[PDB]
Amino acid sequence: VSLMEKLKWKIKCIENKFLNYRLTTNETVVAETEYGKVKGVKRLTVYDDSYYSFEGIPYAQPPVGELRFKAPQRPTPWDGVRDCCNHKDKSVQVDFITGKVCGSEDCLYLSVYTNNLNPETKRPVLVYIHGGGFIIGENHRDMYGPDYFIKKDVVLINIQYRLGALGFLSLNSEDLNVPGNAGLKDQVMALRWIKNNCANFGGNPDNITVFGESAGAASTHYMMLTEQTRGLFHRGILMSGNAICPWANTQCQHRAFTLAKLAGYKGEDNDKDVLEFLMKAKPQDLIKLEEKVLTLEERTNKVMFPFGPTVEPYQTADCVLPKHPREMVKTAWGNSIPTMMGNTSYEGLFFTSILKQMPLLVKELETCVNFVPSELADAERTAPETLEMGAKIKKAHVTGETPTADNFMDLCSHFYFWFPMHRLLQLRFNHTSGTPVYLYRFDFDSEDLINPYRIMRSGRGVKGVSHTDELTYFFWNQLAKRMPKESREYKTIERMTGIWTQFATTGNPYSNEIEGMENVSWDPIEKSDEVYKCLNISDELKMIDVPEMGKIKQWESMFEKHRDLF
């Protein structure tokens, strides 16, 4: 990231500190939790609203020393008042602006926000799980400020969970008790805390919605799949992702050795010795070196991250993913709660930054074999079957003689987001009670209000609605500002937080108290539907046939002779 954006960020970081101070009040309050009393503080927003804030609430033991790489443990209770008027540190990770490692192993916290601690009726509970490829992210308010949501009468909760190898190392040797998915197991224990405590904050424990974007969408889906959380929550929103996206899980059991070797380990490839090295290594050294773990073969086959959600190789008490995600959908308790899913209108427009450093990637579309789903393609991607599937992809996205960057970003929309959504819907239909699933398409483009991901994807002065562009209308961030109430941006904040809270409350996302939904008839998808219908959210709210459908079906045709893999 450029020197200019670095300094620009530095200055906004400085602005955010002083703004955060100014927006604080002397009104502190104490709430009960099953672990002891917590002290929160009332804060202001730039729209002259206010909300009670409890930050740094521990839902697990600090996962340090011998707890590193391990499943989380319930925290120790205290008798006194825990100071929750300040935020705790984020999971150890690379900062995308600076490039330096930041964070701490002591990161297992959640935050609780609400405009009214003593409501007259128990409120819908919304739980946000942040994205960031399972390698970055946080519940700090400079990125995920509850300021828009607290206009509504809900309880909003933002969690943290372990990222990268500290979150997702996985070892085969059953004796060592590092099966994997610790970071997902963090998510589970936070859910259980939320179930058992949200009542103390005005929250209704029988009406909980979990939602997340990107890796947070995949996480939300995982929380809907695992037996570990059955009956814990009641609605789910999958924003730009799910657990059968190709980036959303990986078999990373061999990659521990590589990371150790990168970090200075001398010795042999056996799990025990590898673990002992990794256990004593400095957490920043491990995280700094994660970028380098993936082989050129893996990157070629579109493996995106070295460490992430995985099929655990043996079953333990806290096991989260005992089979591949596609297999888990077939038995998922979450299949039978109200679900909402959706994507932006140009998801793949995110990849512009990466394309600029690697122009050669556009030549991949000449045959498109690298984008054939791994499970269908051969090792070298040279088999005649593979060229044939690759051709079906090429016909779907390449528009002229020679492939363009827009062709590429369009393909990525489907490779990473639309096609997995299609596979999940169809798979889910075969194993469900018949609870509704609703589809939305976020199609609102503005440069007047933005979020920090636009810095990452080099999205300055780029038209179209990229992956993460919708976060701007859900959460306050340190790049935001007060928008006039009549502005198209402010209206969309109302609409988005409105629909989300409407869906959280009733399991039905439609309301005629939302401006612009007067002629909206928002139907759920049926298994009989050849064509998906979605609410398309632009300046106007319009129900349409999913525009990506035709390409969606072209991708499906790759499985013509392999329907059982679909």
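Residue indices: 1-based, along the sequence shown.
The PDB entry reports B-factors from which the mean C-alpha value can be compared for 45-53 and 513-521; the larger average falls on 513-521. Across the two stretches, 130-138 and 425-433, the PDB entry reports the greater mean Cα temperature factor for 425-433. If you compare the C-alpha temperature factors of 352, 181, 93, 219 in the entry, 352 comes out highest. Per the PDB entry, 78 shows the highest C-alpha temperature factor of the residues 490, 78, 440, 149. In this PDB entry, residue 342 carries a Cα temperature factor that places it within the lowest third of its chain's modelled residues.
Per the PDB record, residue ranking by Cα B-factor puts residue 501 in the lowest third of the chain. For residue 329, the recorded CA temperature factor ranks within the highest third of the chain's modelled residues.
Annotation for residue 35: C-alpha temperature factor in the highest third relative to the rest of the modelled chain, per the entry.
In the deposited entry, the Cα temperature factor of residue 459 places it in the highest third of its chain's modelled residues.
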